[PDB]
Structure formats: C-alpha cells, structure tokens
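Residue strings, one per chain:
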Amino acid sequence: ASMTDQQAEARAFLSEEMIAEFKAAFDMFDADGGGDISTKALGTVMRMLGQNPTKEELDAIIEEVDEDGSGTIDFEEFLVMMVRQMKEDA
Ligand SMILES: [Ca+2]
C-alpha cells in the first residue's frame with residue numbers, strides 16, 4: 001500500500017526482536033482490530049513503554065509520525081515514534 005522512507009530507517013535501527021515487543025503494545029491500543037490507533041491515545045502509550053518528554057515534543061511527534069496525514073497511526077508509523085525520540089539528534 002505505502003512505504004515511507006522514515007519506516008526504512010526505523011526498522012533498520014530496531015532489531016526483529018524489538019519490533020516484536022512493540023507489537024504487543026500495538027494490539028493493546030488496537031481494540032478495534034483494524035490496525036490503527038488515535039494519535040491522542042499515544043500519550044497513553046508513552047507512560048506504558050517508558051517516556052516522559054515535554055508535552056511539546058508530543059504534538060510535534062504526531063505531526064512528525066503522520067507522514068501521510070491520514071489522521072491515524074499505524075503499526076508501521078509506530079516503529080517511527082520509537083526511533084523518533086530514541087534517535088532525534090544523537
Ligand atoms: Ca497515518
């Protein structure tokens with residue numbers, strides 16, 4: 001369907017074993033079973049994994065993860081949110 005370049009580096013930094021764990025949390029917010037969660041529910045995904053950045057970097061993260069602008073986050077865009085702050089500029 002689609003293939004953003006940001007997803008090429010995201011899965012490149014995440015090991016197959018890591019991406020597997022991130023999937024466990026995906027189904028958590030994916031109560032619909034469609035494979036898409038609300039960017040507003042992401043704030044909850046943070047405290048779940050382990051992150052407490054400034055509310056600012058949060059909003060920017062949403063507009064930086066939706067490279068398509070569909071209005072929803074997908075497992076593919078998830079791996080990006082992880083490498084988003086894990087590899088912002090370091
Ligand atoms: Ca999207």
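Residues numbered from 1 in each chain as written, not as in the entry; some residues may be left out. Heavy atoms only, no water.

In the nomenclature of the PDB entry, the protein is known as TROPONIN C of Gallus gallus. UniProt annotates the protein under Function with the comment "Troponin is the central regulatory protein of striated muscle contraction. Tn consists of three components: Tn-I which is the inhibitor of actomyosin ATPase, Tn-T which contains the binding site for tropomyosin and Tn-C. The binding of calcium to Tn-C abolishes the inhibitory action of Tn on actin filaments." Turning to the protein, the UniProt record has this under Sequence similarities: "Belongs to the troponin C family." (UniProt positions renumbered as here; feature names shortened; annotations may be inferred.)

**Considerations on the packing of aromatic side chains**
Taken as a whole and assessed by the stated rule, the structure comprises two aromatic pairs. Considering the side-chain rings of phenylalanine 26 and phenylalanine 78, the 5.8 Å spacing of their centres and the 75 degrees angle between planes classify their relative orientation as edge-to-face. Taken together, the residues span a long stretch of sequence, with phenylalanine 26 in helix α2 (residues 16-29) and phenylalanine 78 in helix α5 (residues 75-86) at a distance of 52 residues. We note that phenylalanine 26, like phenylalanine 78, is buried. (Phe/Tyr/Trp six-rings, centres within 6.5 Å; stacked < 30°, edge-to-face > 60°. Helix = DSSP H or I, 4+ residues; strand = E, 2+ residues; numbered from the N terminus. Buried < 20%, exposed > 50% of the residue type's maximum accessible area, 1.4 Å probe, protein only.)

**What to know about the packing of helix α1 (residues 5-13) against α5**
It is the contact of α1 with α5, at a shortest axis distance of 9 Å, that shows an interaxial angle of 70 degrees. In terms of orientation, α1 lies roughly perpendicular with respect to α5. Handedness of the α1/α5 crossing: left-handed. For the pair α1 and α5, contact is made by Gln6, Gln7, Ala10, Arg11 and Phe13 and by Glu76, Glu77, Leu79, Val80, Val83, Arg84 and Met86, respectively. Of the residues in the contact of α1 with α5, the class split is six nonpolar, two polar and four charged. (Axes fitted to C-alpha atoms, helices over the stretch in contact; angles between N-to-C directions. Parallel < 35°, antiparallel > 145°, perpendicular 65-115°, else oblique. Left-handed = near helix turned anticlockwise from the far one by under 90°. Contact = heavy atoms within 4.5 Å. Nonpolar A, V, L, I, M, F, W, Y, C, P; charged D, E, K, R; others polar.)

**Side note on the coordination of the calcium ion**
Angles at a metal have ideal values that depend on geometry: 109.5 degrees with four tetrahedral donors, 90 or 180 degrees with six octahedral donors. Coordination of the calcium ion by the protein is provided by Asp66 (OD), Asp68 (OD), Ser70 (OG), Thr72 (O), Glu77 (OE) and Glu77 (OE), with metal-donor distances spanning 2.1 to 2.8 Å. Considering all six donor atoms around the calcium ion, the spread of angles at the metal, 51 to 161 degrees, places the coordination shape in the irregular class. A relative accessible area of 22% means that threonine 72 is categorised as partly exposed. (Donors = N, O, S within 2.8 Å, 3.2 Å for Na, K, Ca; no water. Tetrahedral: all angles 85-135°; square planar, octahedral: opposite > 155°, others 65-115°.)

**As for the environment of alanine 25**
By the element assignment, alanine 25 lies in helix α2. The sequence separation of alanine 25 and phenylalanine 78 amounts to 53 residues, and the corresponding C-alpha distance is 10.0 Å.

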